[PDB]
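Tertiary structure, described
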Amino acid sequence: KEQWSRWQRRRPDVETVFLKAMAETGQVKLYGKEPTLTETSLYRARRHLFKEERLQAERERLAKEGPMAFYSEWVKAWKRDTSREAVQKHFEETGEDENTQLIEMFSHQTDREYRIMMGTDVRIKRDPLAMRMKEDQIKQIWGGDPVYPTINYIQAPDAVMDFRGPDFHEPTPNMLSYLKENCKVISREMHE
Amino acid sequence: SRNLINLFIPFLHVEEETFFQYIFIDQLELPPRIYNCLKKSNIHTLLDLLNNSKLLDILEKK
Amino acid sequence: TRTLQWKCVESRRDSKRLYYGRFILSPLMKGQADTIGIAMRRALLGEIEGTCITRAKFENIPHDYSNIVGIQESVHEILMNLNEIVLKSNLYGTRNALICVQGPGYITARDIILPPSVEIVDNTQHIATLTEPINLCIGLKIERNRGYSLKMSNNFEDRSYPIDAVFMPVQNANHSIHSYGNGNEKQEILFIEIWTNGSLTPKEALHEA
Amino acid sequence: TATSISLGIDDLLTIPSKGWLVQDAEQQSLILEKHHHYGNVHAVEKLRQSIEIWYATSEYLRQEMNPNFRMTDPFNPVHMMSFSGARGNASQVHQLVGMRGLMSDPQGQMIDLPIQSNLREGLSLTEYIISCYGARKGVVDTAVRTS
Amino acid sequence: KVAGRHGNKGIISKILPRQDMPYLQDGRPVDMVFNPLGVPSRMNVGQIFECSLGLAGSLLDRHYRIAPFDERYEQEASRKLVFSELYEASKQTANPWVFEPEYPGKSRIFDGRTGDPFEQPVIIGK
Amino acid sequence: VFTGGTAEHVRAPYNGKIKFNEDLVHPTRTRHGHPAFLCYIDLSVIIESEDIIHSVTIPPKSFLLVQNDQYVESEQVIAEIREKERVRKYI
Amino acid sequence: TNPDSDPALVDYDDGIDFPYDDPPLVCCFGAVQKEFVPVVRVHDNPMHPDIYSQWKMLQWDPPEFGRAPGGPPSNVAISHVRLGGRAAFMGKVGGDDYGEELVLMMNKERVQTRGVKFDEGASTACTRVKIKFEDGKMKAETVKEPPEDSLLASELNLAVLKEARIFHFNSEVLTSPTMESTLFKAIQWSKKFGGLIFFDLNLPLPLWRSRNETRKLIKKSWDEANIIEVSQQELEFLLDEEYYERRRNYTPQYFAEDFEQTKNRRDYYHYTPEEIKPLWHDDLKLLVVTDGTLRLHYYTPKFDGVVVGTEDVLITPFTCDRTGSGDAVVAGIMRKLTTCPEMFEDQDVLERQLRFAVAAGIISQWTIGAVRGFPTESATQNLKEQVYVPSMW
Amino acid sequence: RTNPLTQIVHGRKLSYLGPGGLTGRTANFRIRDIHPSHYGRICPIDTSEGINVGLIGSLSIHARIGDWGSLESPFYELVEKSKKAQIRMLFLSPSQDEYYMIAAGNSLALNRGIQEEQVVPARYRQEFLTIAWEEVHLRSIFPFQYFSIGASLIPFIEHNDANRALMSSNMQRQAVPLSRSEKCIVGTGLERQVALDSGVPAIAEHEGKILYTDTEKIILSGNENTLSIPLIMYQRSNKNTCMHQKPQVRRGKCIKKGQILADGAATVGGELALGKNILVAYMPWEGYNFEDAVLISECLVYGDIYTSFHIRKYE
Amino acid sequence: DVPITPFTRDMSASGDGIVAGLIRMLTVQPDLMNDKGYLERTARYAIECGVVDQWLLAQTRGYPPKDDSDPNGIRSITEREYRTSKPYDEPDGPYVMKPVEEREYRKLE
Amino acid sequence: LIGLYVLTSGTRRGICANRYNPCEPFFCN
Amino acid sequence: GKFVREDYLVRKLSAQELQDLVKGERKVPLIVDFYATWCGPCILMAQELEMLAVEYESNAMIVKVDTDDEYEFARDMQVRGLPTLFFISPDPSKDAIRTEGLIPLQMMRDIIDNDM
Ligand SMILES: [Ca+2]
Ligand SMILES: [K+]
């Protein structure tokens, strides 16, 4: 009769999520649907090699597609054709070269999209696979939502901390009023 | 020093001149066909509707 | 027309004292964006003068930690409120200002008598609250300088309580370098985003830097 | 400064086979405990097995810690801090990425309840109380040793 | 003397201008720089969890009140809590540097002096 | 602590079944209560894995904790190599 | 196009031609409230009348009927969406702020409130009553029903009913003559389009008065429900409350009949289908009896059994709250039923998917408030895999 | 009176030494050791090296003084159909603690069998063992059961070594109330009780509305009775630390008895606030953070983030 | 938009700098005179030389003194002194504290 | 010691440097 | 107490103590709470009545009835769930208004003045 172990679930890892993401891309071919601990351990040794290939692919894609086509991904409000031929045709029609059109495109980019676009910074070199990962894939890095809801932990960062809540003891009486209430100490009026 | 200055000169260049999240699509009465289409596209509030571009005729009055 | 162009791709006015502006500079040959980015980063953060209150002078209070009858805030609360207001001025030197008013009511930045050199940025900034009709007059010193005021004793004057002024008007700055993907001379795209306290727009701070 | 070595939560790399070894140790401990209730083994035999099977597992995890770091993540920030000899040793790292093992009551005896979790995984309430014996012993013996 | 709540005591040796302190990918310079070597020798990983969760709380505008020994619910409960909140901060505020899938809790920060990044990502937080 | 010396655990380096002649070893009960074999010769055990056989030599005076034809996972203790405070145990 | 017409003539039709979006829609019908546990019975060992900080002691040592309390159908709809399903709520609210707030509460939870009607001339959750002193005892009579209990049959959203593969309602609607008439029309429409009828009893305070009286009221709605969820206390009350109490109090005089009886564990009695015969009918596809989150006794025409569960309100003593746990287990059932049709005729998969409902109920007991802490699907799935051995999931 | 934490933790100290006690001479290190009877009564972490190591302990949060001068710690009794059981929380003296099978594990394990036969670590006869749930007599349910106040203010304490948590309690007793305090983003939820019990915040002893509030006093009216609560402004503590109370109730707001009116120094919104939240990077920086050195920016200086007021009395 | 003072308003330094840059570029590459690409760089280089020279001249010559020790009488002030504002500390001025007699306390809202 | 260790921690070798089996700049000073 | 203020203002009443209160002349709106100590939501509700009682010191009388003690009385009062209140108007001709669930505190005070 199988025994409950608390180790029956494989630990969520960064390697497993990336390895599964690379499996569907075709960059890697795993033995089965789920990456084994041997494959995840092997992934750590060669993790940098696969990241560089994705980075090289993006540089090759940028070289071929062009600045307009490549960076249009982070400008949603840009509906014009971003192809190399379209950009050249637009320059012939209007005289605005590729750089002028490129500045025009980024004029419509929102600040939220710009921060996302910073993953393409030549210094940061963020992983192209990580930039386009869906939320459902990201959660598997730590293994989905916590069983204990975080809403229990959440507290607004402006709270007077009501001391009459269910988790607080009864209000502490003033010491020279609990004694007076229990008639242990007579008031000065009684004394005089 | 000159190469550094030539880098920050362009910043001084000038160019020549030529002369209601709290309201949802559920509340406003909509046809079920339109309602399902919007719901499939995660258009829950009205702001999601205006961010994508006889639907408008019924909507404009409310 | 210029081969190397710059433009303000986004300007925002989040609040009266928080202006955001993002700027692009393209195309830059490889290594120029890195050089421009860091130099602009350091110039914006610590090479732009700002003007703000340096010291305030009351009349009838013994010290900056007492309480004034009719005012809902302590004197130390007033100094922090004064330290928070934002002023703009293109001229140097120490200048005088006055808050000679009477209550009851709310004392705001709009109630400060300013010299023509300086201008108020956010007139709605709270300073003090007057609950009873008292006559409050405060003498102010306005100075334009770099960095932040020295946090050392300089109150040898006629009870002019010093104010730890922070002259830097650029709240934050950032820059990003993106490959132009030219493939012939390795051109690059430089982005610069500037946050200012409203004493000068981010475009002005870009030029001033 | 330029390289800027820095450790994160996932930098505390654990041996891949820890889950298997701990699960195997639990199965042996559970089976033996069941037969101890049946009367097929006596209390001392259970006591020795509990101490030894968890000590051997802890030592094996410590033994395999360096080859795993060398073969898989040579530039792991936690590995480089200890392997280079800059700060910390294998034992202290083992407390972070292995298992704290068995502590000792202030009489020299071994506490039969092991600490299967490390500091990254976090100790349970009972495991943390047990680990307070080692902390109390360490601080007290430090005063004795120095004096 | 400055110290956290995890026994990470510290003396202040240097005060630097904001323009040469290392800064994040949003341009904000860090306020204090700690030695990472303190954690492995002293073995107090709680500050690593608190650091990352503090950054998430400030961006999400939340305050967390966590009873000790949250691992009784599940394995790696604190890790699951911190990473999930980091991703929420990285998503609602659109700051991808807050949660890096390659190395969660860490980010590439830039040298405030030379402006070039440190190649190894650094754990940041509040 | 309990073996009174230096004890080394021979762990299985490969998955598979263990083949050895149980008559060459003497039955015994370990200090943990588990039945096992005591090896007094240079016994060689065979682990028939998925790929090939993985003959392992067991030195004498070492407890053999496994049985013939038994399947053993990798990194599982096979044998213990065995090359005085008195404590009262209240129950 | 007439909701009040007989669901036997021309349907409401409209322009639905494309396939409905998965997962299948679920309709939760009845009043909308926050909290408001309906199942109320007399319980012993009360805590301090004023010091509510002691009342947590009755959360981790609860009355047996309040082990996994149910709530309004809105809680089931809200909990169902957080489990990944799609739920639409049908009901009426007032035009005041509370009606807007309640609708806003469900809207933020991605619950389709297109079936929610607004009564401008009414106050939400407000029942006007007249106090009368009859036979020396003060009583009250409902002068005007609240808008929750005032949904006319002509206000039903047939678009919701046609799409909704499962129709859910409580026995609270049976306490309102207006809603009881409206309910049968909605059930009739739902059966016409092929939707299943879900009956979560959650007997309110008046319905616990008498077994014979209650069964007469439930009789009509019980016979037209394909799926019925009851608690152990509800099921025993409907059959014989005293008989099953005597069995629990029975102890053999001389020796136990088996070794397990010596342990004197909690009585997790599994009612035989013969004892369920009085409450069984032809259309009943599935009956579940919930002893809180501890046991889920399931009954089908072909088979029956019990799914073992747990509860650990003591793992977080200061944030434990039984409220909404019954809603979570019900929502967990509908979440899997709409996605695993094989459940009704495969016992092995029925137990596996019911463990999801068990895990959902366990999480719902770990947070104060019902809608505040309804578990997510991933949170529920993770707890199911942690609690149960991998052979059971 | 260094900070609100020190005012509270000081009154919950245990002194093994003293008149008739075991002083530093008769200080055999056995008394300086953790005993299994200390669980839930004396904090194992809080050694609190004062006069000598392990001779000045502290009481656990839920610890109580019994009738016969004994330390009692509450436990949840697992009554097996034994009456209504009324209150299942039992305060156990150390004598009877040893004779109960107390378990701290959870009940979230299930198998093809039943839950009652699931094993769980437990303490019995000053010994830890793994036993099935049906043999367990008591449960320790409270999170802050075995710890003192100092160790209970450490988030993620289970990820720190116990010895570091010992010093962390010492350091939090040296924290300085700042000029403007700030609540911690990450905490444990005990800062509420610490602020509540410290008496540093102003707590309404009577219910009613707020008629008038200012920097110096708060006027509260209820049951046709008015109370003029005085506030504390720039008052020196015994350790040369400013104690300043700021009103946190606006005019016209209704207050229940026991709720907060004003919060003192190092207290914000009814919570203990001994520090600040600041951006931090864990990297070596040119040796200015060598070992335990800390490199800070000028923002902490000109921003008055760590500026504190200190009042010195010359008499 | 280079800094210009009344002493350098004629922009003569830019004229000298521009031709100097033109001569510098043409002499080093005499065979690229009829080259469009080189002329674009030459003209741009001349502009930068003219800008620098005018910028240098403003710092060298400074500004004439404001209106409220030198062999060749020439009084000049630096850019900082030209941007220095009057303190406005006149006792009769509205920006300076006055005795209680003439305070004229403004009324608030 | 960490900084010196990083300096002398040379190139990645073998399978850690190339994805596939093979089956660099020259500096005069 | 004379020297120590009572911590709780909402007074618990029996079924009979409530009856004579209704039969007797009341000059202020009467708020009757039905609750049970074992009821989860009633913990959150009970705090609001204490807060509400502070707002209405003598302009409205707030009392509570435990349904464990008066289960049959609450059943006759048409009480269907536990978090249930009854606002009894001082005017006998008016109709008592019953609210069910954790109604917002803002609604509670609105009912006191608008409908009473
Ligand atoms: Ca139910
Ligand atoms: K709940």
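Residues numbered from 1 in each chain as written, not as in the entry; some residues may be left out. Chains lettered and ligands numbered in written order. Part of a larger assembly, values for the part shown. Heavy atoms only, no water.

Per the deposited record, determination of this structure is attributed to cryo-EM, with the resolution reported as 3.00 Å.

Turning to the overall build of chain E, a few remarks are in order. When helices and strands are tallied, chain E shows three helices and six strands. If you list the helices and strands of chain E from N to C, you get β-β-β-α-α-β-α-β-β. Taken over the C-alpha trace, chain E has a radius of gyration of 15 Å; the compact-globule value for 126 residues is 14 Å, and the two agree within 12%. With respect to the principal axes defined by its C-alpha atoms, chain E has extents near 45 × 35 × 25 Å. By residue count, 80% of the 126 residues in chain E fall in the buried class. For chain E, the proportion of contacts with a sequence separation of at least 24, taken over those separated by at least 6, is 50%. Measuring between centres, the 17 positive side-chain charges of chain E sit 6 Å from its 16 negative side-chain charges. (Helix = DSSP H or I, 4+ residues; strand = E, 2+ residues; numbered from the N terminus. Rg over C-alpha atoms; globule rule 2.2 N^0.38 Å. Buried < 20%, exposed > 50% of the residue type's maximum accessible area, 1.4 Å probe, protein only. Contact = heavy atoms within 4.5 Å. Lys, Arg positive; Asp, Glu negative; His and termini not counted. Charge placed at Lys NZ, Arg CZ, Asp CG, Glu CD.)

All names here are of chain E. One pass over the full model with this rule turns up 53 aromatic pairs over all chains. With a centroid separation of 6.0 Å and an interplanar angle of 70°, the aromatic rings of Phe-83 and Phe-99 are classed as edge-to-face. One end of the pair, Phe-83, is in helix α3 (residues 77-92); the other, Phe-99, is in the loop between α3 and β5 (106-107), and 16 residues separate them in sequence. For the pair formed by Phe-83 and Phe-99, the shared burial category is buried. (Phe/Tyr/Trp six-rings, centres within 6.5 Å; stacked < 30°, edge-to-face > 60°.)

Here we take up the sheet that holds strand β12 (residues 208-213) of chain H. If you walk across this open sheet you meet the four strands as β14-β13-β12-β18 (chain H), and the pairing is antiparallel. In this open sheet, the two strands that pair with only one neighbour each are β14 (225-230) and β18 (254-255) of chain H. (Pairing = 2+ DSSP bridges.)

Counting buried positions along helix α4 (residues 191-198) of chain H gives seven out of eight residues, so the element sits mostly inside the fold. Regarding α4 of chain H, the residues found buried are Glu-191, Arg-192, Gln-193, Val-194, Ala-195, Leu-196 and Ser-198 of chain H. Looking at the buried side of α4 of chain H, the elements it contacts are β4 (63-65) of chain E together with α1 (4-9), β10 (186-187), β11 (202-203), β20 (267-268) and β21 (271-272) of chain H. Of the residues trailing α4 of chain H, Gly-199 of chain H is marked for its positive phi of about 70°.

Below, the discussion takes up the interface of chain H and chain E. The interface is formed by 54 residues belonging to chain H together with 67 residues belonging to chain E. For the pair chain H and chain E, the summed buried area comes to about 5,800 Å², and 62% of that belongs to carbon and sulfur atoms. Considering only the surface of chain H that becomes buried against chain E, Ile-185, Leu-279 and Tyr-282 of chain H emerge as the three largest contributors, covering 17% of it. Put simply, chain H and chain E have five salt bridges between them. (Buried area = accessible area lost by both parts, 1.4 Å probe. Salt bridge = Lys/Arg side-chain N within 4 Å of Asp/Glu carboxyl O.)

To continue, consider the coordination of the calcium ion (ligand 1). Residues and elements named next belong to chain G. Summarising the metal site, the calcium ion (ligand 1) is bound by the protein donors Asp-200 (OD), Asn-202 (OD1) and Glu-229 (OE), whose distances to it range over 2.3 to 2.4 Å. We note that the donor set of the calcium ion (ligand 1) lies within a single chain, spaced as D-x1-N-x26-E. With respect to burial, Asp-200 and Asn-202 carry one shared label: buried. (Donors = N, O, S within 2.8 Å, 3.2 Å for Na, K, Ca; no water.)

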